[PDB]
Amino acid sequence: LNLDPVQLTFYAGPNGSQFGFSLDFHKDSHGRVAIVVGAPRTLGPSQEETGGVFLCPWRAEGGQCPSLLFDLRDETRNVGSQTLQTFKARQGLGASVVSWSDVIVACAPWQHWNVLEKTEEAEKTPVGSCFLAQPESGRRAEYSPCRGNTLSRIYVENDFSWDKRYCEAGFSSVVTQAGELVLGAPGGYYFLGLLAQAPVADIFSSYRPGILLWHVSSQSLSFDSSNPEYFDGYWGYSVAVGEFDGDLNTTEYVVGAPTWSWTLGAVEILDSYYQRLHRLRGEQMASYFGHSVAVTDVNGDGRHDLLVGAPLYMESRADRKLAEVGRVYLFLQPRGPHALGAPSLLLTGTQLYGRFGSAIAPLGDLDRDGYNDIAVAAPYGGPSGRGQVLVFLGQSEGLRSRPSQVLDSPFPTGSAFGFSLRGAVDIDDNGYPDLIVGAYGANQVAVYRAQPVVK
């Protein structure tokens, strides 16, 4: 409703860097709000794409941002009669970024890894890796839970069980309010997908540079499966956390697997031990149900509600014809120990190939009416196909079925405006929560400030 589409703010990165692929708000130890931006194709030292991170201070006029520096050099360690190797070319540093307390986590899902032992090898595979920074102090740490030192022949002799070689850890990421980093790894266990959790404090205190293989004892990984419903399901394509079991001491995990069960797609809600509490199945094969997930209480009962995006959903139209437009599903959490029912609301896109539901961002209470609101991206939507973000207001019964406001992309064709979203943070301290929108195709980020309601 009351986001201002007249006076925007633009931050820009280097051409070709894909500045805006991921973003998040970041607060320093003094509460000052900045913007962390991932640019997964920023050039590195060898004039080669490795990715990069930028930490943008809040200025109404926007502009350029300083780099958040991470070690971009390939590493080698000869130890235990083996050779350990990291490969950072085209790793995609900045394909996901998240901020918690005064700490920034920025991941490279396609960092490769290999181990050599005489004439055998582990195989050079994308285990992924995440980088952690405390900007005010300069502290640095890393976390790569899928690096192993097992040789290729052992996996073959053991029928490829517990094969973490293609995790792509950091493909998605989230932090609990207690400080536990949770990583999505959609390629884990031979492309079933896995989750990796560890406390940020323990990640820092157990890391030292040059070790490459080290133990984070408090960590916790999910499990392999023999159930074919999970094969190639990409469990961990997206992640989120919320309160869904009525017990406030436990934190629950929300995991997207958009190709679960022969591309039907699914979303699962789990406890912190990866035990399955609920499962929400997709409506239509190949619609990518589970591409995005979001958790926020939209109907003011104080119980977290769930939203699922299926950007490739095909809507039925006249004369038995389908049109790909995208769809968003709303599930309201019921009172007490009960399972999530059918969706309370279905939101369906309008523009062909618009990919409505590619990103869903909670906004907090944008219009200050006592109900939290959401924003949905259609990165190729709008009548021009340039991209659109749509705002939906909460209400006692859920969400309004029609958008209160529509943000048309200010960028040229192909910017992917809305591919990443973030709200619920007041960046200018005017008392209204604001919204940042990434458009990596144009290497830019747009800031929409919320202003007082007109109506």
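Numbering starts at 1 and follows the sequence shown.
* Determine, for stretches 384-392 and 22-30, which one has the higher mean CA B-factor as deposited. => Per the PDB entry, the higher value belongs to 22-30.
* Asked: Got a sec? Mean C-alpha B-factor, which is higher, 201-209 or 165-173?
  -> Stretch with the higher mean C-alpha B-factor: 201-209.
* Asked: Among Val216, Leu93, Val105, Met314, which carries the highest Cα B-factor?
  -> Going by the entry's C-alpha B-factors, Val216 comes out highest.
* **Candidate set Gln405, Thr50, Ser420, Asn430 [ranked by C-alpha B-factor, highest]** => Going by the entry's C-alpha B-factors, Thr50 comes out highest.
* With respect to C-alpha B-factor, does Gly242 fall in the lowest, middle or highest third of the chain as deposited? -> It belongs to the middle third of the chain when residues are ordered by C-alpha B-factor.
* **Third assignment of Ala375 from its chain's C-alpha B-factors** => According to the entry, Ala375 has a C-alpha B-factor in the chain's lowest third.
* Ranked by Cα temperature factor within the chain, is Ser67 in the lowest third, the middle third or the highest third? -> Answer is middle: the recorded C-alpha B-factor places it there.
* **Chain third (lowest, middle, highest) by recorded CA B-factor, residue given as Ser129** => Middle third, going by the recorded CA B-factors of the chain.
* State the tercile, meaning the lowest, middle or highest third, of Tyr143 with respect to the CA B-factors recorded for its chain. => Its C-alpha B-factor, which the entry lists for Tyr143, ranks in the middle third among residues of this chain.
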